[PDB]
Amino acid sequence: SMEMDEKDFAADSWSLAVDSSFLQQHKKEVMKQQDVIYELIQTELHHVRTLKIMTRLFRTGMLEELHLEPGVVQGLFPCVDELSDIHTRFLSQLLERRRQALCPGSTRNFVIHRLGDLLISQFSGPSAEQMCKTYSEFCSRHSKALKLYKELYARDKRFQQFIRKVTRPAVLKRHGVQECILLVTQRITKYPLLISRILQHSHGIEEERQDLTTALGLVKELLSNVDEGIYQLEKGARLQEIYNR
């Protein structure tokens, strides 16, 4: 992540991120809504950062330092460039909505009143089709990636030294290779939980309540399609084992 965004999302909540004199000007219901919107953006910023650790620290580091057989790095990090493009673009839209809402003279005081339309756009049309195709591919390659990682760590000395080196810093404690893969798989199922709680506090404007209800429905349709499109790939699996599923 970049320092400007990390500082804007360093606080545990929206109520602690804004100035107390600004917080005091809002009703409790607005504060509850803003705290959940802030958590959605903060966790999206962290999710994009997990994808950057996968692409820049692990993937590119292996290509530039190690002598792995072709197709091995892609097997460890399936779809990471596509996933990074989807979420970096989504994160850009969320952060621009916050930036437009800032009060003049402030870099921290804002209220986002219209999130629903942005979520409907993300979870409909071509961007939803790309999310569905990419997560169906990623989640079907998840078990294979973990097994390839374990095999390489147990048998390749230079691979083990590389992993221990780049995961040594305290800031990588939660972000080893296997931890990154499960963090990405689990991201998509966090969206309905966050959207439902934002909706619970967005009844004040009927257009907003309707837009968040539509967005929640689109996210659930996407998840159902992804879930129905998954079948774990296994290295060396035989056709007979596949057609006898």
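All residue numbers refer to positions in the sequence shown, first residue = 1. So that the term is clear: the rigid core is the largest set of C-alpha atoms that superpose within 1.5 Å between two forms.
Of the two segments 65-73 and 172-180, the one whose CA positions lie farther from the displayed form in 9 other deposited structures of this protein, once all are superposed on the rigid core, is 65-73. With 71-79 and 84-92 compared on mean CA B-factor from the PDB entry, the stretch scoring higher is 71-79. The deposited model assigns a higher average Cα B-factor to 54-62 than to the other stretch when 54-62 and 34-42 are compared. Sort the chain's modelled residues by C-alpha temperature factor and residue 164 lands in the middle third, per the entry. For residue 100, the recorded CA temperature factor ranks within the middle third of the chain's modelled residues.
When the modelled residues of the chain are ordered by C-alpha B-factor, residue 141 sits in the lowest third. When the modelled residues of the chain are ordered by C-alpha B-factor, residue 225 sits in the middle third. Sorting the modelled residues of the chain by their CA temperature factor places residue 208 in the middle third.
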